[PDB]
Asks: 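This is the structure I have questions about; it appears just below.
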Amino acid sequence: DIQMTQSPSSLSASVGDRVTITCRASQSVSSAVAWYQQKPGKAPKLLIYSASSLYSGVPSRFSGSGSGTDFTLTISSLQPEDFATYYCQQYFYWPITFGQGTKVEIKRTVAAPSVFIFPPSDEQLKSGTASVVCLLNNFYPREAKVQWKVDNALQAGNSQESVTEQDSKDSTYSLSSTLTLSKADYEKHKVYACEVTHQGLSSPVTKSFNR
Amino acid sequence: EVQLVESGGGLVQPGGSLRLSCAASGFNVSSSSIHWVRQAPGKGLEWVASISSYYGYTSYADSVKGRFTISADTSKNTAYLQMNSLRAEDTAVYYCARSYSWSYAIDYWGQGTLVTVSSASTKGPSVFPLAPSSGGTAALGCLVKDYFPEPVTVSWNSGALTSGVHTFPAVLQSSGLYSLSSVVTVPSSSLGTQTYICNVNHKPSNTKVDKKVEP
Amino acid sequence: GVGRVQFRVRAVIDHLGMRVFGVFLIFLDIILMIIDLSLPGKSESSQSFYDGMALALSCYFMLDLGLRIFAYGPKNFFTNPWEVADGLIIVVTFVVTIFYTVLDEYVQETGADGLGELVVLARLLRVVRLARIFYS
Ligand SMILES: CCCCCCCCCCCC[N+](C)(C)[O-]
Ligand SMILES: CCCCCCCCCCCC[N+](C)(C)[O-]
Ligand SMILES: CCCCCCCCCCCC[N+](C)(C)[O-]
Ligand SMILES: [Cl-]
C-alpha cells in the first residue's frame with residue numbers, strides 16, 4: 001500500500017530537451033525504486049534500478065536520482081524514439097506498487113494531414129449497413145477535428161474516431177473516423193463529406209464523394 | 001538468451017477459470033523470482049503475484065488473494081498462474097516477468113497474454129475493402145467489422161508490405177462488438193499492377209480472412 | 001614500544017570477563033532483533049531507538065575486532081580462518097547496519113540492489129556468529 005505519486009501525468013517536449021519525471025513515495029523505501037519504459041503494445045522495459053543505477057544497455061540519456069522519498073527520472077536529451085509511458089515502481093515493501101505513469105509525447109514541426117474518404121463497399125451494403133471512412137494521415141499535432149456532412153446536414157452521434165500512437169521515426173499521428181448509417185438512410189443521400197480542421201491547415205479541408 | 005513466453009490467455013465467463021503458463025529460457029526459475037503483473041486496457045500496471053521457489057516463497061496482491069495461485073515446475077523451467085472465480089475487473093494483459101531474486105528489480109518482462117472475462121459470445125469479423133479513389137500517392141485499406149473479443153491482427157500481403165501501414169485501435173460500438181480499420185498508402189502508379197491483400201486473423205474465433213483490395 | 005601496549009590490550013581482550021561479556025552482547029543483539037521484528041507498526045521514533053541499539057552493539061564488535069587485529073598484529077591474526085571468518089562477518093554486519101540506521105539517504109550511491117536480502121543475510125550472520133563459538 002505504498003503510494004507512488006508520479007507527475008506529470010503527461011508531457012510534450014522537443015528533440016534535445018531535458019525532461020524530468022517525479023515520483024514521490026508515501027513513505028521511505030530506501031533506494032528500492034525502478035523506472036520502466038513501456039512503448040505502445042509492448043511489454044515494459046527496465047531503464048533504472050536502485051533509484052539511480054542505469055540498467056545494462058540502456059542509453060545514458062536516462063538517469064535516476066533521489067532525495068529522501070522523492071525520485072526523479074531525467075531524460076537529458078529527448079530522442080524521438082523516447083515516446084512512451086514511463087512508470088516508477090517501489091519494490092521495497094509488499095505489495096510492489098507502481099506510479100500511474102507519465103505519457104511522454106515528442107514535439108515536432110506542424111504537419112498537415114493528407115485526407116482520404118472511402119465510400120462503403122457494395123459487399124457491406126448487402127448486410128444492410130453503410131460505413132463511411134475518413135482517413136487523416138501523418139499529421140502533427142494530435143488535436144484534429146473531423147466533421148461529417150450528408151447533403152450539407154451536419155452529423156452528430158453516428159461516428160467514431162480512433163488515433164494511432166505517435167510514429168517513432170517521423171513523430172506524427174494518423175486518424176480514422178467512421179460514419180455509420182443504415183443502408184436505407186445511406187441511399188437517401190448524394191453528397192458525403194468530411195471536413196477536417198487542423199493547425200497545419202490554413203482553413204478546413206473537405207473531401208467528398210457522391211452516391 | 002533470456003526469454004519469457006506466456007500462453008493460456010483468452011475469453012472466459014465470470015465465475016470461470018483459466019491457467020496461464022510462462023516458459024522460461026536463459027535462467028533457472030528454481031533460483032530466480034517469477035512475477036505476474038497485469039494491465040487493464042488503457043490503465044497502469046498492477047502487481048498480481050510472485051514466487052521465489054528457492055525460499056518456498058509465494059506472495060499475492062489482496063485483489064486476487066484466494067482466487068489466484070502462482071507456482072513453478074523447476075524441471076520444465078515454467079511458471080503458472082491458476083486463476084479461479086474470474087470477474088469482469090480481472091480483464092487485462094497478464095505479463096510474466098523475472099527478477100534476480102525477491103528483493104531485486106524486475107529486469108525482464110514477456111509480451112504478455114490477454115485475458116477477457118465476459119459473458120458475451122465470440123464472434124468473427126466481416127472484412128470489407130476500402131478501395132483506392134481515382135507522381136501520386138493513393139490510400140487503400142480494409143475495414144474489420146463486428147468482432148468479439150479482442151484482438152485481431154492485420155497484415156498486408158502476408159507481412160511483405162509494412163511501410164505506410166496504419167492499423168488503428170479497435171473501437172467498441174453500441175452492439176458491444178469491435179470494429180477497426182487498417183490502411184496503407186501506396187504509389188498510385190502501382191494500382192492495377194501490384195496486388196494488395198489484407199490478411200485478417202481473429203484467433204478467438206479461428207477466423208482467417210484474406211481480402212484483395214482493388215480499385 | 002608497540003608490542004608492549006599490544007600486550008596490555010590482550011591482557012584485557014583475553015580475559016574471561018570480556019570473553020563472556022562479549023558473548024552476552026551477542027545474545028543481546030539477537031534478542032533485540034527479535035523484539036524489533038515482532039513489534040507491529042512501531043513509529044519511526046521507536047524504530048530509531050531499536051536501530052540505535054543495533055548500531056551501538058555493532059560498533060562495539062567493530063572495536064573488539066580492531067584490537068584482536070591489533071593485539072596479535074595483522075599478519076598473525078589473518079592466518080586463522082576461524083578468525084578471518086568471524087571478522088569478515090562482523091564487518092559485513094556492520095556495513096549493513098550502518099546504512100540501515102545512519103547512511104540510508106546515500107544507499108543508492110553504492111549502486112547496490114537486493115537490499116532486503118542483504119538485510120536478511122546480515123541478520124543470519126549474527127546467528128552464525130554463535131556457530132563459531134560453539135566449537136571454541
Ligand atoms: C535460503 C537461504 C538464503 C538466505 C539469503 C542469502 C542472501 C541473498 C543473496 C542473493 C542470492 C540469491 N539467490 C538465491 C538466487 O542466489
Ligand atoms: C553496501 C550496501 C549496504 C546496504 C545494506 C542494506 C540497507 C537497506 C536499509 C534500508 C532501510 C529503509 N528504511 C525505510 C527501513 O529505512
Ligand atoms: C555493494 C556491492 C554493490 C556494488 C555496486 C557498484 C559499486 C560502485 C558504486 C557506484 C555506483 C554509481 N551509481 C551511479 C550507480 O550509483
Ligand atoms: Cl543517449
Side-chain angles (χ1 to χ4, degrees), chain A residues 39-43 116 118-127 129 131-135 137-138 160 162-165 167-169 174-178, chain B residues 5-7 9-11 41 93 111-114 116 121-133 137-173 175 177-215:
Chain A
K39 296 185 182 182
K42 301 293 174 47
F116 305 91
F118 299 101
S121 59
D122 295 333
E123 303 78 316
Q124 175 184 24
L125 291 175
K126 309 180 63 55
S127 303
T129 285
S131 292
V132 195
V133 174
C134 183
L135 162 70
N137 212 39
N138 284 63
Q160 293 191 286
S162 184
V163 188
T164 58
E165 302 284 328
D167 206 80
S168 297
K169 187 74 195 186
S174 298
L175 177 156
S176 170
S177 178
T178 304
Chain B
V5 181
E6 57 265 278
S7 60
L11 182 56
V93 172
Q111 291 314 302
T113 181
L114 175 69
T116 311
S121 320
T122 283
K123 176 169 196 313
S126 313
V127 181
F128 308 110
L130 300 173
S133 173
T137 289
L140 62 101
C142 52
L143 170 76
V144 185
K145 223 213 168 199
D146 294 330
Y147 65 92
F148 189 85
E150 283 262 71
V152 167
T153 71
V154 184
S155 70
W156 280 92
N157 289 0
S158 306
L161 178 67
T162 53
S163 205
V165 172
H166 299 295
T167 298
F168 289 88
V171 305
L172 200 35
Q173 298 196 104
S175 58
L177 300 170
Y178 294 89
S179 176
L180 71 73
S181 301
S182 173
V183 302
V184 61
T185 59
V186 304
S188 59
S189 77
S190 80
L191 301 177
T193 297
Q194 172 75 45
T195 299
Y196 299 98
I197 303 179
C198 60
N199 319 104
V200 182
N201 195 334
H202 184 231
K203 270 152 165 174
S205 58
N206 293 335
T207 311
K208 194 74 195 73
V209 189
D210 285 23
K211 246 289 165 55
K212 182 175 180 168
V213 196
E214 46 191 345

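Letters A, B, ... mirror the listed sequences (proteins, then strands); counts begin at 1. Just so it is clear, the values below take in all heavy atoms, side chains as well, and ignore hydrogens, waters and symmetry mates.
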Asks: First locate atom CG of A/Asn137, then atom CG of A/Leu175, and finally report the distance between them rounded to the nearest 0.5 Å.
Replies: 10.0 Å
Asks: Within a strict 4.5 Å, meaning less than it, do heavy atoms of the B/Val209 and B/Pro125 side chains meet?
Replies: no
Asks: For the residue pair B/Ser126 and A/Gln124, establish whether any side-chain heavy-atom pair is separated by less than 4.5 Å.
Replies: no
Asks: Side chains of A/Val133 and A/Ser176: closer than 4.5 Å at any heavy-atom pair?
Replies: yes
Asks: Of all the heavy-atom pairs spanning B/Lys211 and B/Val127, show the shortest one and how long it is.
Replies: NZ-O, 2.6 Å
Asks: Please enumerate all residues that pass side-chain hydrogen bond (donor to acceptor under 3.5 Å, both in side chains) together with B/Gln194, with sequence neighbours excluded.
Replies: none
Asks: Side-chain polar contacts of residues 182-190 of chain B - donor-acceptor pairs under 3.5 angstrom, sequence neighbours left out - could you list them?
Replies:
residue, atom, partner, partner atom, Å
B/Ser182, OG, B/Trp156, NE1, 2.8
B/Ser182, OG, B/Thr167, OG1, 3.1
B/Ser190, OG, B/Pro187, O, 2.9
B/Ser190, OG, B/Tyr196, OH, 2.5

Asks: Shortest non-hydrogen contact from B/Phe168 to A/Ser174?
Replies: CE2-O, 3.4 Å
Asks: Residues in side-chain hydrogen bond (donor to acceptor under 3.5 Å, both in side chains) with A/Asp167, at least two apart?
Replies: none
Asks: If you compare all heavy atoms of B/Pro129 against all heavy atoms of A/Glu123, which two are closest, and at what distance to 0.1 Å?
Replies: CG-OE2, 3.5 Å
Asks: How long is the span from the OG atom in B/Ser133 to the CZ atom in A/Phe118, to the nearest 0.5 Å?
Replies: 8.5 Å
Asks: Would you indicate whether the side-chain heavy atoms of B/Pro204 and B/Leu11 approach each other to under 4.5 Å?
Replies: no
Asks: State plainly whether the residues B/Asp210 and B/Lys208 are in salt-bridge range, i.e. N to O under 4.0 Å.
Replies: yes
Asks: Any side-chain heavy atom of B/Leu130 sitting closer than 4.5 Å to one from A/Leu135?
Replies: no
Asks: Working to the nearest 0.5 Å, report the span between CD of B/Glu214 and CG of B/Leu140.
Replies: 11.0 Å
Asks: What's the shortest heavy-atom distance between B/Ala170 and B/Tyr178, and which atoms?
Replies: CB-CD2, 3.8 Å
Asks: List in chain and number order the residues that pass side-chain hydrogen bond (donor to acceptor under 3.5 Å, both in side chains) with B/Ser155, two or more places apart in sequence or in another chain; answer none if no residue qualifies.
Replies: B/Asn199
Asks: CG of A/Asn138 to OG1 of A/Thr164: how many Å apart, nearest 0.5 Å?
Replies: 8.0 Å
Asks: With a 4.5 Å cut-off on side-chain heavy atoms, are B/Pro149 and B/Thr122 touching?
Replies: yes
Asks: Output all residues satisfying side-chain hydrogen bond (donor to acceptor under 3.5 Å, both in side chains) with B/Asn157, sequence neighbours left out; order by chain, then residue number.
Replies: none
Asks: Do the non-hydrogen side-chain atoms of A/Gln160 and B/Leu172 ever get within less than 4.5 Å of each other?
Replies: no
Asks: On a heavy-atom basis, which atom in A/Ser162 and which in B/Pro169 lie closest, and how many Å separate them?
Replies: OG-O, 2.7 Å
Asks: Going through the checks in order, is the side-chain contact (heavy atoms from CB on, under 4.5 Å) test met by B/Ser7 and B/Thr113?
Replies: CA-CA 6 Å; B/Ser7 60; B/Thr113 181; 5.8 Å; no
Asks: For B/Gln173, is there any backbone N or O sitting under 3.5 Å from a side-chain donor or acceptor partner on B/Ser175?
Replies: no
Asks: To the nearest 0.5 Å, what is the distance between OG (A/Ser131) and CG (A/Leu125)?
Replies: 9.0 Å
Asks: Restricting to non-hydrogen atoms, name the atom on B/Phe128 and the atom on A/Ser121 that form the minimum distance, rounded to 0.1 Å.
Replies: CB-OG, 3.6 Å
Asks: How far apart are the C-alpha atoms of A/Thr178 and B/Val171, what are their side-chain angles, what is the distance that settles it, and do they pass the side-chain contact (heavy atoms from CB on, under 4.5 Å) test?
Replies: CA-CA 10 Å; A/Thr178 304; B/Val171 305; over 6 Å; no
Asks: Tell me the salt bridge (charged side-chain N to carboxylate O under 4.0 Å, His left out) pairs involving residues 145-168 of chain B, sequence neighbours left out?
Replies: none
